[PDB]
Amino acid sequence: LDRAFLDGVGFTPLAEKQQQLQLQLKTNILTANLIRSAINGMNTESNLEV
Amino acid sequence: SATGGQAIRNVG
């Protein structure tokens, strides 16, 4: 029933989230901050099932 | 081969 009724999903794409993270975490590029590196490899192909 | 060159992947 949930699958049949919950048709779409609402979320913000990755680009905006990365921009916000960059603005909030004002750090020079070329410094190897793993907080920024880890998120850069994400995606939301699977959001409906989750 | 002699001069290593790296680049930023997707932060660009």
# chains A, B, ... in the order shown; residues from 1 in each chain; ligands from 1
>>> residues_around(residues="residue 12 of chain B", least_positions_apart="3", cutoff="12 Å", atoms="only C-alpha atoms", output="list in words")
residues 15, 18, 19, 22, 29, 30 and 40 of chain A; 7, 8 and 9 of chain B
>>> atom_distance(atom1="atom CA of residue 16 of chain A", atom2="atom CA of residue 34 of chain A")
18.9 Å
>>> closest_residue(among="A:9, A:50, A:1, A:21", to="chain B", atoms="only C-alpha atoms")
A:21
>>> closest_residue(among="A:37, A:31, A:24, A:44", to="residue 10 of chain A", atoms="only C-alpha atoms")
A:44
>>> atom_distance(atom1="atom CA of residue 43 of chain A", atom2="atom CA of residue 5 of chain B")
27.5 Å
>>> select_by_dssp(residues="segment 20-50 of chain A", states="alpha helix (DSSP H)", output="list in words")
residues 20, 21, 22, 23, 24, 34, 35, 36, 37, 38 and 39 of chain A
